[PDB]
Structure formats: C-alpha cells, structure tokens
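Novice: Please see the structure below; I have some questions.
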Amino acid sequence: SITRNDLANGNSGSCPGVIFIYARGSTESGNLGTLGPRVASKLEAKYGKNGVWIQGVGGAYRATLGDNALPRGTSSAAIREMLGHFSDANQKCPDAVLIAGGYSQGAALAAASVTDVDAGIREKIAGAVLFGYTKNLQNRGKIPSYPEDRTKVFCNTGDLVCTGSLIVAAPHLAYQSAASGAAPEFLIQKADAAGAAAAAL
C-alpha cells in the first residue's frame, strides 16, 4: 500500500494503459506516503488493477527536510530518480499514458522532474497533481515548461508553503479529501482524453 514499484518491477509484456508516478512529502514513509495510496486506489477503481501501474519515487529521493531549502525545493539526486521512472515508462511501455503527482517536497520534485524531462516524454504526461506545492508562489501556480491546462494545484487557505514560506502549519496536512476525490478525478479526465486521442490515431 505505502510502497508501490509496479513500473520498476514490471515488464514490456504486460504494459497497462496508464502509468502513475508519484513523489511523497518530507518525513513520509514508503514511496507513496499518506496521499499517494489514496490517489492510487481511485485510479485502480477506474482502470482496474491491470490497467494502471502505480510507482512511487523512492531510491535516491529520501525526502530530506533540509532539501526543502534548496532553490528548486528538492535535490538533483531526487529529480534524477523521478526522471529515471519517466524514462523507464517511455521505454518499457511507449504507448502508455503517463500521469504524475506529488505532495510538499514531492510536489516541488514532480514539478522539477516534469520541467526537466525530455519533451517527447513530457507530451505523454497527460496531467499532474500537486498537493501543498512548496513553489506555488515562485512558479506562479504552474509547472515551468508544462501546460497550465494539464496542471492541478491543491493549495489550502492558510498553507503557508503555497505563499512563499518555509513554514508548515496545519492546513499543509489537510489534503486527504483532495487525494481521494478531486485529484484522481482530474488525472482520470486527462488520461482518458489522451487515450481516446491515441485510439483516434
């Protein structure tokens, strides 16, 4: 549940239609933390367990508390780990629709990884959800070099990380409803539309 490695341990013989790559927040357990498994359960409910791979960003992404103070809000090692999943998905399952997400430092990571990934792969990322986005103000509520229409930011009123602070107050810890509802709904809408368009071609 809190750790999923469906992509890392998967093979090209059993590609799903959709691959979800997700980054947890600082201090969180496994590779999905508390919000990852909520989004995952709703994706699985729509696509079936065999129709979506769930993949957390583990490995070199240790979700270190001090790395939140780096300019991009996470480390280059962590970005490399997420980019590695984007690459592995594109190579193993080149027809799969990709979706992404992250919470807190994971949201900074997801944004930076989406910015940095090869443009051919980025086109395949139909949508991205960001919870408690620590670079919301700095990036003006967007992911750099990625369409606003494909991006959904959940930033609670009074979550100070969304207005430029390095301060965690209680609203930063209240994204359970979004994770279980609006966020997967957004990703499902985007992924379904991307899949429909590919069937058309």
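Residue numbers start at 1 in each chain; chains themselves are named A, B, ... in the order of the structure tokens; ligands are numbered from 1 in the order shown.
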When DSSP is applied to the backbone of this structure, which of region 98-176 of chain A are assigned strand (DSSP E or B)? Write them out as number ranges by chain.
Specialist: A: 98-103, 125-131, 151-154
Novice: Using only C-alpha atoms, which residues sit within 9 Å of residue 21 (chain A) once same-chain residues fewer than 2 positions away are excluded, as a ChimeraX atom specification?
Specialist: /A:7,19,23,53-57,82,85-86,98-102,110
Novice: Would you mind exporting the chosen residues as a CSV table (one decimal), in the first residue's frame, restricted to C-alpha atoms?
Specialist:
```
chain,number,residue,atom,x,y,z
A,7,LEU,CA,6.8,0.1,-13.1
A,19,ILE,CA,1.3,4.7,-15.6
A,23,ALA,CA,6.5,11.7,-5.0
A,53,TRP,CA,0.8,0.9,-12.8
A,54,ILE,CA,1.5,2.8,-9.6
A,55,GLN,CA,5.1,3.9,-9.0
A,56,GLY,CA,6.4,5.9,-6.0
A,57,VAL,CA,9.7,7.8,-6.2
A,82,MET,CA,11.9,10.6,-10.9
A,85,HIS,CA,10.9,6.4,-13.8
A,86,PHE,CA,9.7,8.7,-16.7
A,98,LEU,CA,1.7,8.9,-18.1
A,99,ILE,CA,0.3,10.9,-15.1
A,100,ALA,CA,2.3,12.4,-12.2
A,101,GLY,CA,1.8,13.8,-8.7
A,102,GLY,CA,3.5,14.9,-5.6
A,110,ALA,CA,7.2,16.4,-9.5
```
Novice: Please report as CSV every residue of region 39-135 of chain A lying within 7 Å of region 182-198 of chain A, along with the nearest atom pair and their distance in Å (one decimal), using only C-alpha atoms.
Specialist:
```
residue,atom,partner,partner_atom,distance
A:39,CA,A:184,CA,5.4
A:42,CA,A:184,CA,6.2
A:43,CA,A:184,CA,6.4
A:97,CA,A:191,CA,6.3
A:99,CA,A:187,CA,6.7
A:126,CA,A:190,CA,5.5
A:127,CA,A:187,CA,5.8
A:128,CA,A:187,CA,6.9
A:129,CA,A:183,CA,6.3
```
Novice: When you count only C-alpha atoms, which of these residues is closest to residue 180 (chain A): A:37, A:16, A:25, A:51?
Specialist: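 Nearest candidate to residue 180 (chain A) out of A:37, A:16, A:25, A:51: A:37.
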Novice: Do you know which residues are at most 6 Å from region 132-147 of chain A counting only C-alpha atoms, after dropping those on the same chain fewer than 2 positions away, and could you put them as a list in words?
Specialist: residues 103, 104, 107, 111, 115, 130, 149, 150, 155, 161, 162, 163, 164 and 172 of chain A
Novice: CA of residue 199 (chain A) to CA of residue 5 (chain A): how many Å, to one decimal?
Specialist: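 CA of residue 199 (chain A) sits 27.5 Å away from CA of residue 5 (chain A).
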Novice: Mind pulling up the distance from CA of residue 165 (chain A) to CA of residue 24 (chain A)?
Specialist: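 Between these atoms lies a distance of 19.2 Å.
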Novice: If you measure from CA of residue 69 (chain A) to CA of residue 122 (chain A), what distance in Å do you get, rounded to one decimal?
Specialist: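 A separation of 26.2 Å between them.
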Novice: Would you mind writing down, as a PyMOL selection string, each residue of region 4-85 of chain A that DSSP on the backbone assigns to helix (DSSP H, G or I)?
Specialist: chain A and resi 12-14+36-47+65-69+76-85
Novice: Restrict the selected residues to C-alpha atoms and save them as a compact mmCIF listing (two decimals), in the first residue's frame.
Specialist:
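Final file, out_32.txt:
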```
# COMPACT_ATOMS: atom_id res chain seq x y z
CA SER A 12 7.06 -4.72 -21.51
CA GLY A 13 4.97 -7.93 -21.90
CA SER A 14 2.27 -6.61 -19.53
CA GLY A 36 -0.15 8.51 -2.81
CA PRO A 37 -2.18 5.41 -1.87
CA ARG A 38 -5.41 7.46 -1.87
CA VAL A 39 -4.90 8.67 -5.42
CA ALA A 40 -3.77 5.13 -6.38
CA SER A 41 -6.94 3.44 -5.08
CA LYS A 42 -9.17 5.74 -7.19
CA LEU A 43 -7.09 5.21 -10.34
CA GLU A 44 -7.26 1.44 -9.78
CA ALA A 45 -11.02 1.63 -9.27
CA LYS A 46 -11.36 3.28 -12.73
CA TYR A 47 -8.77 1.37 -14.83
CA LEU A 65 13.78 18.07 5.44
CA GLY A 66 16.73 20.37 4.67
CA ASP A 67 16.42 19.86 0.90
CA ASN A 68 13.22 21.94 1.01
CA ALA A 69 15.51 25.00 1.32
CA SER A 76 19.19 16.87 -8.08
CA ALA A 77 19.58 13.27 -6.98
CA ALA A 78 15.84 13.07 -6.29
CA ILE A 79 14.99 14.66 -9.67
CA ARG A 80 17.25 12.07 -11.31
CA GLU A 81 15.32 9.28 -9.60
CA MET A 82 11.93 10.57 -10.89
CA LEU A 83 13.34 11.19 -14.39
CA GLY A 84 14.55 7.58 -14.31
CA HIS A 85 10.93 6.41 -13.84
```
Novice: Nearest residue to residue 72 (chain A) out of A:52, A:174, A:112, A:35, using only C-alpha atoms?
Specialist: A:112
